[PDB]
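These notes are about the structure you will find just below.
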Amino acid sequence: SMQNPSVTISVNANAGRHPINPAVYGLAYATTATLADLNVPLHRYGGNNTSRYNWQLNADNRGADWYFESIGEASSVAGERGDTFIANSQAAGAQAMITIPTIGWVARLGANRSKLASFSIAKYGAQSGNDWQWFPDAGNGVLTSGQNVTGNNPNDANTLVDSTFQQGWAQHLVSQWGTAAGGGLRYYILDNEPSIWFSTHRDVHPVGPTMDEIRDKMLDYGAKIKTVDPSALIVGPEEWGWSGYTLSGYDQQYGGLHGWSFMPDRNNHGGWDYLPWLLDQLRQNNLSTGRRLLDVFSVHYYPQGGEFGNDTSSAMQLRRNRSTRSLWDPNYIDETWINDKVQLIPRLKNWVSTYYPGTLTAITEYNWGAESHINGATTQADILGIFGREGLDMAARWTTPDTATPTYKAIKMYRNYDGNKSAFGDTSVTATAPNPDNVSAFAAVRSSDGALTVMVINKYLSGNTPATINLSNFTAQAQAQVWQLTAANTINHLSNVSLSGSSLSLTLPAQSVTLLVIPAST
Ligand SMILES: OC[C@H]1O[C@@H](O)[C@H](O)[C@@H](O)[C@@H]1O
Ligand SMILES: [Zn+2]
Ligand SMILES: [Zn+2]
Ligand SMILES: [Zn+2]
């Protein structure tokens, strides 16, 4: 009975045509089983601890996430974490992405691959937290006064390595797997969120890196890896979010300790914003040596309004319906401390085109929260539509939703909606909806099929929504197939719906993701 205002959506198979790269469907920390079942072709190995991974010991340091403990993997075979990750990805037809540390300071181990700790309680004294279950001497590096322990010796739990040390890892990967061109590892990620090393890796990097240090690191590590494999693709810098797009880690830190009135690094570099200057330095280097070191320009982005978590109150559901505007919308002011028009994807494409053309664009971490709730799933389906429409070259969600959740099934609406790996189309085309906070829509034409696939997301918290879809420039059969996800948490194959001219009409349940598969003539 309950009913929302009617909506009309116009899909025109001739407007705004461009490929959708299947790499937008990427994921982090999935399994061979879920990579195959979600039909996902990109698998990222990345995140905080990967900055500290010692490929020669097969070990890493957890940083601030786990008491700055250096911890060995079970195996002591050089590089096994990476090899295992690659085998498991390729077992499912997915391309792996491996993070190579750039930070220099990576884990070492004590006698018998025993754990080490950067903030030993016996060495630096009483602190306010410690690993009391598994390693009691490992402090959190904060004194009981709440003031950080400072002056710790970086060798307590780590060893300082350089680009020749990580080049050795690239040589190993190439020997096991072949080059990228020959079916080997295609993507090298350079580190992870380097601007905030001063916080995630305070033990070993207490001062935020300048934009110089980070440029030098991409130049250095990038050259080494490309010597070993000129066919592989380098991805970076993996910056953490809004402030990391315009301010180096040195300036972020400086600002947190001294207020925002004077940014020393920014000032030393004529008022440039960080990532645009980084892109521009890489351009100048590429123009001068003739060699491309960075191929994919990558950032992380998480909404700032409290949506990353499990708050599923009404007000938070409505905010998730709106806040994905930050990924595309030039007029949307973000409703948070950011308080500015982020329009991330156009921004990424604009920066690349202004400062380093021909570089691809990636969001290699995002998450909009509420994974186990229909609102998380409408939101995820909303995000995947936006990636394709807006022309992002790659993406990796952080991380992979549990197979029981409706969010898992949202990804599967795009990639394996019938259990036979049929997927949304791969040439984006215009679909226009009047208000995407209430209902958003995305279309594409499928190359294998000529089918027009149209995804409609009803974001409204209650009531059915009558919906009419108008096709231009597409000659369609009599009937369109219907597949649907609601809070019932199952992909349903509903009844075919009859086309009325080049229109079709239907009733959309509240908080639902609906897929129309509309085959071409004849
Ligand atoms: O917010 C979740 C994640 O984002 C980033 O800060 C890091 O890459 C991850 O290791 C972290 O846990
Ligand atoms: Zn450094
Ligand atoms: Zn400089
Ligand atoms: Zn100071």
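The chains in the structure tokens are called A, B, ... from first to last as shown; in each chain the residues are counted from 1, and the ligands are counted from 1 in the order shown.
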
Restrict the calculation to only C-alpha atoms and all ligand atoms, then for each residue of chain A with any atom at most 10 Å from an atom of ligand 4 give the closest atom pair and their distance in Å to one decimal, rows by chain and rising residue number, as JSON lines.
```
{"residue": "A:253", "atom": "CA", "partner": "ligand 4", "partner_atom_place_in_ligand_line": "1 (Zn)", "distance": 9.7}
{"residue": "A:254", "atom": "CA", "partner": "ligand 4", "partner_atom_place_in_ligand_line": "1 (Zn)", "distance": 7.1}
{"residue": "A:255", "atom": "CA", "partner": "ligand 4", "partner_atom_place_in_ligand_line": "1 (Zn)", "distance": 9.5}
{"residue": "A:256", "atom": "CA", "partner": "ligand 4", "partner_atom_place_in_ligand_line": "1 (Zn)", "distance": 10.0}
{"residue": "A:257", "atom": "CA", "partner": "ligand 4", "partner_atom_place_in_ligand_line": "1 (Zn)", "distance": 6.6}
{"residue": "A:258", "atom": "CA", "partner": "ligand 4", "partner_atom_place_in_ligand_line": "1 (Zn)", "distance": 6.4}
```

**Report entry** 8 Å shell around ligand 2 using only C-alpha atoms and all ligand atoms, listed as a list in words
**Finding:** residues 103, 104, 205, 207, 208, 209 and 213 of chain A

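Using only C-alpha atoms, the smallest distance between any of A:66, A:378, A:89, A:326 and residue 133 of chain A comes from A:66.
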
Query raised in the report: Pick from A:265, A:402, A:60, A:229: nearest to ligand 3, with only C-alpha atoms and all ligand atoms counted?
Result: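 Checking each candidate against ligand 3, we get A:265 as the closest.
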
Requested in this report: Would you list the residues that come within 12 Å of ligand 3? Count only C-alpha atoms and all ligand atoms and give the answer as a list in words.
Outcome: residues 209, 210, 211, 212, 213, 214, 215, 216, 248, 264, 265, 266, 267, 268, 269, 270, 271, 272, 274, 277, 278 and 281 of chain A
